[PDB]
Structure formats: structure tokens, C-alpha cells
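One structure below.
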Amino acid sequence: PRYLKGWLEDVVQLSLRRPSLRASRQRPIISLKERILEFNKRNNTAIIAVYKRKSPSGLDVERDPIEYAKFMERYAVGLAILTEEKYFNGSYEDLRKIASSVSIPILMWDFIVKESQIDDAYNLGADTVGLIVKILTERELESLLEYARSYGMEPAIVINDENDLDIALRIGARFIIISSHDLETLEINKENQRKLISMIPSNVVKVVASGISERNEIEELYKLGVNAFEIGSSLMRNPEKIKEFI
């Protein structure tokens, strides 16, 4: 991993040691990436709803994972489940319960830094993972991206800026999440948004993570070529806001 400071350093350190579980998927791998393109083809807004109990920026919510899931399953293109333990108070048990209850694509949101976390995600029933450019060395990224493809996943690559993008297009990314979070502070800043998205080629599925909250922002981002929308906080507070985003 890169040398990092603050909570990020600790979560990465913490993530190396994350223990992996004995499991059996279960259903077959479904493609979150390809689900996005059908919803585009169908003129259906495509929201990836995130499940998280806590966040470092201050999010603090009680809500049952399965009731969240069973509910989003009718509305949402996919679900992202935090399974990081310390700062977001997730775990593998949230992924487990969520996969047996629903039949839509699931992304496992964590700080992926080694192979067994990809094994656990596969084994626990996740359809894909997130890989974060700012935490990995370019070689680590290339390697973890291949590994997940050996299983059949097309992993989201997560980027914050043009350097991140230049690395991801070099390794051959097909599925990109554009974060507006400052990774060390977080801390949303969208000044750089339009410009990043304008540089990604048209054969890469693009997803925006952005504390979106209003319908009209979704509309403005369509106009720039974005495929879909990763939405956490507001939906974790009121799952019903989803109906407004269609």
C-alpha cells in the first residue's frame, strides 16, 4: 500500500490483517457494471444505494440491513455494503445477510489491500468490489484488478483526480467511480468534477459518488455522460428519498 497518514493509515494497516471466512456462495456472480447499461437502455435511473451505519464525517444511524436491502431491491440498481469495521461499523455479516435476501448486484465496499478480501467477498456472495487508487501502488492495483477478474468480477476503480484516472486508464479499467470526497478529510468538493468526467473515455462505465441529494443534480450529470449514482447518507437516513430520485 502507499504510505498514508491519520485515520486512513490506521484503516489500511487495519485492513491487511482482516481475517477471511469459510463460505459458499450460493447464487451466481451477476455484473453490477452490466446491470447499469440495462438500466441505461431502459431509461431507468440507476442508483447504487449504500448501506452504512456510521461514517467518519459523522453519519450515525440505526437500520436493519435486510430491511434496507429488501426495500432497495425494488428501486436500486445495486447496493454497496460497507464491511469495514472500525470507522463505518460494518462487517462480513452484513454482506452475508444481504446476499441471501436479495437478488440484485451487490458491491462490497471496503479497503481492499490483499487477496483474501477479494476471496471473502466472492465467498460471502458479493458480485464485485471497489479498488481505490489512492491507497494502492500502481502495481498493486494492476494485480488486484486481475485477481478479481479471475473470479469473474468487474471491480469498480475509485478515483479522486486526474492522476488516479491516468493510472486507471493505463491498467485497463472498464468501470469507474468518481468520488468528490477528499480522501484524507471528506470533505466534498465538485469544482473538479465536470473536468474529470470529460476525460473518461466513452467505453468506461462511469459512476458518481457525491453526497447527491436532489433529483436535478442527477439530471445535470446525465448531460455529462454519467451512467449511474452512488448514494449513501441521505438514503440511509430516509430510504424513501430514493422514489424522488426516479
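For the sequence shown, the entry's author numbering puts the final residue at 247, and the numbers step up evenly by one. Even for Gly, the Cβ is constructed at its ideal location relative to N, Cα and C.
Taking all protein chains shown into account, decide if residue i is buried (16 or more other Cβ within 10 angstroms of its Cβ) or exposed.
i: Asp-167; result: exposed
i: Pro-66; result: buried
i: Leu-17; result: exposed
i: residue 1; result: In this structure the chain extends from 2 to 247, so residue 1 is not present and cannot be described.
i: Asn-161; result: buried
i: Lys-87; result: exposed
i: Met-109; result: buried
i: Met-200; result: exposed
i: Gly-226; result: exposed
i: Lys-196; result: exposed
i: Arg-97; result: buried
i: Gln-118; result: buried
i: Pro-106; result: buried
i: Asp-165; result: buried
i: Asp-95; result: buried
Taking the C-alpha atoms as reference points, what is the distance between residue i and residue j?
i: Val-134; j: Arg-64; result: 31 Å
i: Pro-156; j: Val-209; result: 15 Å
i: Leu-33; j: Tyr-148; result: 17 Å
i: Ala-70; j: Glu-85; result: 18 Å
i: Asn-239; j: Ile-247; result: 15 Å
i: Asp-120; j: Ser-21; result: 8 Å
i: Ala-122; j: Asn-44; result: 30 Å
i: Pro-57; j: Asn-90; result: 10 Å
i: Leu-137; j: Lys-242; result: 34 Å
i: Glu-74; j: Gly-126; result: 16 Å
i: residue 258; j: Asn-124; result: With the chain represented from 2 up to 247, any question about residue 258 goes unanswered, as that position is not in the structure.
i: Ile-177; j: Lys-115; result: 20 Å
i: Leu-83; j: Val-51; result: 8 Å
i: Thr-129; j: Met-154; result: 5 Å
i: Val-12; j: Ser-234; result: 20 Å
i: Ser-25; j: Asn-193; result: 42 Å
i: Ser-151; j: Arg-175; result: 15 Å
i: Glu-185; j: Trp-8; result: 8 Å
Does DSSP put residue i in a helix, in a strand, or in coil?
i: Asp-121; result: helix
i: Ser-180; result: strand
i: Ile-67; result: helix
i: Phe-230; result: strand
i: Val-114; result: coil
i: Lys-87; result: coil
i: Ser-102; result: helix
i: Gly-212; result: coil
i: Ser-92; result: coil
i: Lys-34; result: helix
i: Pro-29; result: coil
i: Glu-39; result: helix
i: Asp-165; result: helix
Run through the DSSP bridge pairs and tell me what residue i is partnered with.
i: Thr-129; result: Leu-108
i: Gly-59; result: Note: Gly-59 sits in no beta bridge, so no partner.
i: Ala-24; result: DSSP lists no partner for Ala-24.
i: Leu-80; result: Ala-50 and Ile-107
i: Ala-157; result: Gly-131
i: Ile-189; result: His-182
i: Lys-207; result: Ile-177
Contact defined as beta carbons within less than 8 Å: I believe residue i pairs with residue j. What is the distance between those atoms, to the nearest angstrom?
i: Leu-80; j: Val-206; result: Going by Cβ atoms, the distance from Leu-80 to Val-206 rounds to 17 Å, so no, they are not a contact pair.
i: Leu-142; j: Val-159; result: In fact, because the Cβ distance is near 10 Å, the residues do not count as touching under 8 Å.
i: residue 248; j: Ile-213; result: The question about residue 248 has no answer, for the chain in this structure spans 2 to 247.
i: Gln-27; j: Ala-100; result: 6 Å
i: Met-237; j: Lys-53; result: 6 Å
i: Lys-191; j: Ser-181; result: 5 Å
i: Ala-229; j: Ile-31; result: 15 Å between Cβ atoms; not a contact.
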